[PDB]
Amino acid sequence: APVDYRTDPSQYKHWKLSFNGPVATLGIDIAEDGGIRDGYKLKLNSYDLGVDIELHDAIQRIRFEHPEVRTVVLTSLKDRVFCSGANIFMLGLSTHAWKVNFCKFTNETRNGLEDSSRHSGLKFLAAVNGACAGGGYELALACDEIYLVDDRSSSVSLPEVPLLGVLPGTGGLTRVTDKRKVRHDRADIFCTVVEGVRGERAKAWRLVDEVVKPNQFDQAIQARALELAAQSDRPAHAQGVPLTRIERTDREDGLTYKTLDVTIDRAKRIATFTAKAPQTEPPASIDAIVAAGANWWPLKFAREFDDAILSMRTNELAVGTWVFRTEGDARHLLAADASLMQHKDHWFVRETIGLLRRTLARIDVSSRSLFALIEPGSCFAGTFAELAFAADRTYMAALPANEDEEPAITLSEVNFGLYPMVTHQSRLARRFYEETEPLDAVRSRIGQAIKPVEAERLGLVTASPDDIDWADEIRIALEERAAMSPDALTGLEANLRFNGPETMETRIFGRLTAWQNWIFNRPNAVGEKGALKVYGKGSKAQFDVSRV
């Protein structure tokens, strides 16, 4: 069945949230009977996609509904286990595509903790009591600090290689090196043994930040939480903004939201996303923005778009091309952007910018081809122009015989750094290789309605076919997209979009994930006699011992 990423705390099976002044406590309490797919139990706080769907929502709730909260303590509500990682039985029963989506989404949820540490005024403290293994340690890694109980029952481990024949692929290796700076040969030992590291050795090797005896642990966690809270600028007095349930109509051929249509052509294998500008001028003043809350256009659009991206990634694997279109009045988009820029220091506007940033950042790493079609009547302006700059190709409709009807691309300040991709660059900076001449040229033209011929001349679009050439040029490009191997297209896209600089996050989606994917498609890990499927059976996994 299809996955629905919509949930709320009243529905959580796996997490408890509680609030005590500036400290939120997020308790891991996974329901063993609560698997999102069938055929497995989730024992010992092991997890699946459904657990992460709830985790993603819980962080969203803290971000938007709890402005007065400054630190989040992540802790287990189970005896003897913090988190035992991605459920091995679940992995063994999953298709290749399901695993790859599961890795990608869980990676984005974790990247999101760090995103909020940078940009939301939040800090995350992992309070680790009991076994913290594999994905358990990968989650702790994404926190700002990790405190470990100093007793025999408490350890950190990454048993994936020796136990499962796979990597710590939820960013584990990349955080061990890039974030913790664990010396690589020590990391090798850590990643090639099942028995966990404890106490002062874990701290000495840089795997955790502090270790505390059991009788002092709770007090130490709370005191550190308050120290981390002092780093924040979040308000001492503010009511939160409830994230109301997203209204969505599911159709055989797509999805309907207030701010977004998705229409699927199953024969052509194309999903067309039509993003819709604010229907009326959005509020300029902070009091009206806050009062609008989840009905404030930039937040509403971010939420609906994120839901659509996640739904289509997960539930529509054969529909390999996404087309981006827009409709509405560019003046209302530009007014929205002006309010984002003016009020960007305000906690709520800042949080909303954060969700837009994270949501758009899902696009560049999605395994779908991306074409933006800038047709007459569209409104690729400001935030919406990011849909052009994210795309593999952008075509814009020239009308030599009817120039007054030509569409325009209109840049705003948001296109110059407000929504970095995971390379940390704006999409335009990536587009022009950070070259100052073409970037200066378009910066000079912020706010101008750039028409098709000029947009092509400035390099803002791939081509601007006229009304005679348009139909065939776009149809043929889309036919070719459907006819080529999806494997080759996704690989090509992963290299062309990430056209130079690397960061911890590009390494997570690149070097780490691509190696994991190759491992995931081979019998040593996933075969009937492989490491995942023999787990718990008392038998020896059979490996092809040859190197590649």
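Note that residue numbering begins at 1 and tracks the sequence as displayed.
Engineer: Can you tell me whether 14-22 has a higher mean C-alpha B factor than 535-543 in this record, or the other way round?
Structural biologist: It is 535-543 that shows the higher mean C-alpha B-factor.
Engineer: Check the entry's C-alpha temperature factors for 417-425 and 337-345, then say which stretch has the higher mean.
Structural biologist: Mean C-alpha B-factor is greater for 337-345.
Engineer: Please work out which residue in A31, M504, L489, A514 has the highest C-alpha B-factor recorded for this crystal structure.
Structural biologist: Of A31, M504, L489, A514, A31 has the highest C-alpha B-factor.
Engineer: For the CA B factor values reported in this entry, which option in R430, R118, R198, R362 has the top one?
Structural biologist: Max CA B-factor in the entry, restricted to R430, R118, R198, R362: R198.
Engineer: Could you look up the Cα B-factor of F64 in the entry and say which third of the chain it sits in: lowest, middle or highest?
Structural biologist: Bottom third by C-alpha B-factor.
Engineer: Can you tell me whether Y147 has a C-alpha B-factor in the lowest, middle or highest third compared with the other modelled residues of the same chain?
Structural biologist: As the PDB entry reports it, the C-alpha B-factor of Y147 lands in the middle third of its chain.
Engineer: Ranking the modelled residues of this chain by C-alpha B-factor as given in the entry, is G39 in the lowest, middle or highest third?
Structural biologist: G39: CA B-factor falls in the highest third of its chain.
Engineer: So where's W296 on the chain's Cα temperature factor ranking, which third?
Structural biologist: Middle third by C-alpha B-factor.
Engineer: Would you check the entry's CA temperature factor for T321 and let me know if it's in the chain's lowest, middle or highest third?
Structural biologist: For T321, the deposited C-alpha B-factor lands in the middle third.
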